[PDB]
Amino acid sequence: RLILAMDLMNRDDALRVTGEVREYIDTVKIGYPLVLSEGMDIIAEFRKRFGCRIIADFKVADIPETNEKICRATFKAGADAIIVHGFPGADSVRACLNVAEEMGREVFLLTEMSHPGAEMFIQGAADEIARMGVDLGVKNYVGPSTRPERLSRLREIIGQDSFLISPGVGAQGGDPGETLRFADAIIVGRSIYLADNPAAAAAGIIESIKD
């Protein structure tokens, strides 16, 4: 139920920290901070070193044709799943779903974001974006740990069978406990990777989850 957001930007530190918390997590979310600094080959390296599943948090948000290319390149690099924005509309999400279905991979639809700015435009479109996901056959979603009430509303729309993961825990102030009342797993980055003892930080979170 704990996914590591590995946003360190150099290979040595990213590999070291992930290795230190490997016993506590089996899925690592890798985004552009690490990929743009070290290359897409870092995904294969993580899989070789840790045997973990990799979610590419690329916030895909282009036209359909470009989205297809991004998804193909990301799955060829070995990612198990990719995070896609829904605000650009249904055709753009469908382009990602088509490639994921062809390659046996997964699309996670980001319905509402966790930061303050999310309230400006995303929040008002969130329920509609989630219903669009349901209509498109999306089974994996991302929602905000910082707004438990919004997270419960999202869970209502997507149903109990869909998988929901949630960022914003720790640094952004979301609570592991309340978040896991609705989400299947929480994403944690800085609270673990900025710590002098990341293993102890991750163990602490796991403790809270067990409890």
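Numbering starts at 1 and follows the sequence shown.
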Stretch with the higher entry mean CA B-factor, where the candidates are 116-124 and 85-93: 116-124
Which is higher in the entry, the mean Cα B factor of 97-105 or that of 67-75? 97-105
Residue set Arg153, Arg49, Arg53, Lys59, per-entry CA B-factor max assigned to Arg153
Which of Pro176, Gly168, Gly39, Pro33 ranks first by CA B-factor in the deposited coordinates: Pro176
Which third, lowest, middle or highest, does the CA B-factor of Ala185 fall in along this chain? middle
Considering every modelled residue of the chain and its Cα B-factor in the PDB entry, is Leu164 in the lowest, middle or highest third? middle
Split the chain's modelled residues into thirds by Cα B-factor; is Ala14 in the lowest, middle or highest one? middle
Tell me, lowest, middle or highest third: where does the Cα B factor of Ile192 rank within its chain? middle
